[PDB]
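> Mind folding the following:
(one chain, ligands or ions: 5)
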Amino acid sequence: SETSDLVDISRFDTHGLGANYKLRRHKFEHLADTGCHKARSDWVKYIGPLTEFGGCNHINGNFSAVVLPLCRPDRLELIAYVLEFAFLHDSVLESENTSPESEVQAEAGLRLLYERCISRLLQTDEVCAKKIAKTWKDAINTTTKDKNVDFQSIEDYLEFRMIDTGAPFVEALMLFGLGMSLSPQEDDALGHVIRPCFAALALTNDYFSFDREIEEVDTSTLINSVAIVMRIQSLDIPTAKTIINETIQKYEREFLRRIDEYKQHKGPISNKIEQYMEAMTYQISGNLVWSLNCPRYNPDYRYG
Ligand SMILES: CC[N+](CC)(CC)Cc1ccccc1
Ligand SMILES: [Mg+2]
Ligand SMILES: [Mg+2]
Ligand SMILES: [Mg+2]
Ligand code: NA
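Residues are numbered from 1 along each chain as shown. Ligands and ions are numbered 1, 2, ... in the order given. Coordinates below:
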């Protein structure tokens, strides 16, 4: 209980999500808010006017402060800056109304801030930074190539969606915040464990960001499991959302199973991998609680 405080997740209406996941909130949240502010200022300086919220949420906690509550305080500002640029660039990648001329116009500014992120990370922790650069580029490239694929099942969708939502990229940021690197063997084995975590994160995002993504569908590619379920099963919004809610609960339980299965088969586990597992579980609770009222998805929490 050094970088963060335990928060009782049962004080929030999580719609049955998050059972058996503990919630923590970083004590240095101000540093995350600072990173978000600076990234937003840099976006206006080099790219254009801001159109939306990113990770800030002063009520339930800045995204980085609740998703990555074990971050070293000296790394939290940079991580929040990187994620804020990712939140804003994400909407650019999904956009459909950008003229070719505007796309060309933004490119060098987006490149400047991308490279600024990578260079600052590399100067801080070269090993950890290389994993962030690799996963970020994979997320950007996969979104760009595959965002209009017509998926015919949630299972197929999720193999794209875990990359499109940047789950491996956030994992690489989390490791950076811990000052942690994994061996090639740990990487191989932990990938199996964290797959259901990535699915739960992506589907939870879909659940809480659906309304906003429909509001934007006139200018933005719709990438959302609730819509897939509506189409495949001919269901309305609340019924499809219930299916997605049940599916999140399935993946949440699966991740807890795989953590304990790893301990039972490949254990006693090191303190390092123990902290890795715990840190991954905090992404689930933090993502969930942040999404309930973040201004990005919830219009009556917006200002400015
Ligand atoms: C909602 C935030 N994010 C990453 C920036 C996409 C914009 C998806 C994500 C959520 C939680 C964990 C990992 C990825
Ligand atoms: Mg996206
Ligand atoms: Mg998006
Ligand atoms: Mg979304
Ligand atoms: Na969209």
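> What strand or helix carries residue 206?
helix 184-215 (DSSP states H and E).
> Next: residue 86.
Residue 86 belongs to helix 73-94, assigned by DSSP H and E.
> coming back round to it: and the angle for the helix holding residue 206 with helix 73-94?
If you take axes from the mean of the first three to the mean of the last three C-alpha atoms, to 10 degrees, helix 184-215 sits at 50 degrees to helix 73-94.
> What helices and strands are in contact with helix 184-215?
helix 154-164, helix 167-178, helix 225-233, helix 237-266, helix 271-293 (3 or more C-beta pairs under 8 Å, 6 or more residues apart in numbering; DSSP states H and E). In this view, the C-beta of every residue, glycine as well, is placed from N, C-alpha and C.
> angle of the second one against helix 73-94?
For helix 167-178 against helix 73-94, the angle between stretch directions is 160 degrees (the same axes, to 10 degrees).
> Helix 167-178 close to ligand 4?
No - remark: helix 167-178 sits outside contact range of ligand 4, by C-beta under 5 Å from the ion, the gap being at least 12.4 Å.
> So what sits opposite the closest residue to ligand 5 within the stretch 101-250 of the chain in the bridge?
Nearest residue of the stretch 101-250 of the chain to ligand 5, counting by C-beta to the ion: residue 220, 3.6 Å away. Per DSSP bridges, the residues bridged to residue 220 are residue 95.
> Just the C-alpha atoms of the helix holding residue 86, please, in PDB.
Presented in PDB, the C-alpha positions along helix 73-94 are these (Å, rounded to 0.1, in the frame of the first residue of the first chain):
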ATOM      1  CA  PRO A  73       5.600   7.700  -9.000                       C
ATOM      2  CA  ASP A  74       8.500   9.000 -11.100                       C
ATOM      3  CA  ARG A  75       7.100   7.300 -14.200                       C
ATOM      4  CA  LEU A  76       3.400   8.000 -13.900                       C
ATOM      5  CA  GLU A  77       3.400  11.500 -15.600                       C
ATOM      6  CA  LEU A  78       5.100  10.200 -18.700                       C
ATOM      7  CA  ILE A  79       2.800   7.100 -18.900                       C
ATOM      8  CA  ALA A  80      -0.300   9.300 -18.600                       C
ATOM      9  CA  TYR A  81       1.100  11.700 -21.300                       C
ATOM     10  CA  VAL A  82       1.700   8.700 -23.700                       C
ATOM     11  CA  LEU A  83      -1.800   7.300 -23.000                       C
ATOM     12  CA  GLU A  84      -3.400  10.700 -23.500                       C
ATOM     13  CA  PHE A  85      -1.800  11.000 -26.900                       C
ATOM     14  CA  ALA A  86      -3.000   7.400 -27.700                       C
ATOM     15  CA  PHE A  87      -6.600   8.300 -26.600                       C
ATOM     16  CA  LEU A  88      -6.600  11.200 -29.000                       C
ATOM     17  CA  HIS A  89      -4.800   9.500 -31.900                       C
ATOM     18  CA  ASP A  90      -7.200   6.500 -31.500                       C
ATOM     19  CA  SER A  91     -10.200   8.700 -32.500                       C
ATOM     20  CA  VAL A  92      -8.200   9.900 -35.500                       C
ATOM     21  CA  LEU A  93      -7.500   6.300 -36.700                       C
ATOM     22  CA  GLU A  94     -11.200   5.500 -36.400                       C
END
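> touching ligand 5 at all, that helix?
Yes - against ligand 5, helix 73-94 shows contacts by C-beta under 5 Å from the ion at residue 94.
> so the helix holding residue 206 versus helix 271-293, what angle?
Going by the same axes, to 10 degrees, helix 184-215 makes 0 degrees with helix 271-293.
> quick one: helix 184-215 to helix 237-266, angle?
170 degrees.
> ok, and does helix 184-215 reach over to ligand 1?
Yes - using C-beta under 6 Å from any ligand atom, helix 184-215 comes into contact with ligand 1 via 201, 205.
> Let the chain start at 25 from now.
Let's use 25 as the start, then, which means that last one is helix 208-239.
> Give me the distance from that helix to the chain's centre.
Distance, stretch centre to chain centre, for helix 208-239: 8 Å (C-alpha atoms, centre = their mean, to the nearest Å).
> Now distance to ligand 5 and mean neighbour count too, for the helices and strands packed on helix 208-239, in a markdown table please.
Formatted as a markdown table, those follow (distance: least, C-beta to the ion, whole Å; neighbours: other C-beta atoms under 10 Å):
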| stretch | distance to ligand 5 | mean neighbour count |
| --- | --- | --- |
| helix 178-188 | 10 | 19 |
| helix 191-202 | 17 | 23 |
| helix 249-257 | 10 | 19 |
| helix 261-290 | 16 | 17 |
| helix 295-317 | 16 | 20 |
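> between those, which gets nearest to residue 59?
Taking C-beta to C-beta, helix 191-202 is the member of the helices and strands packed on helix 208-239 nearest to residue 59, at 11.5 Å.
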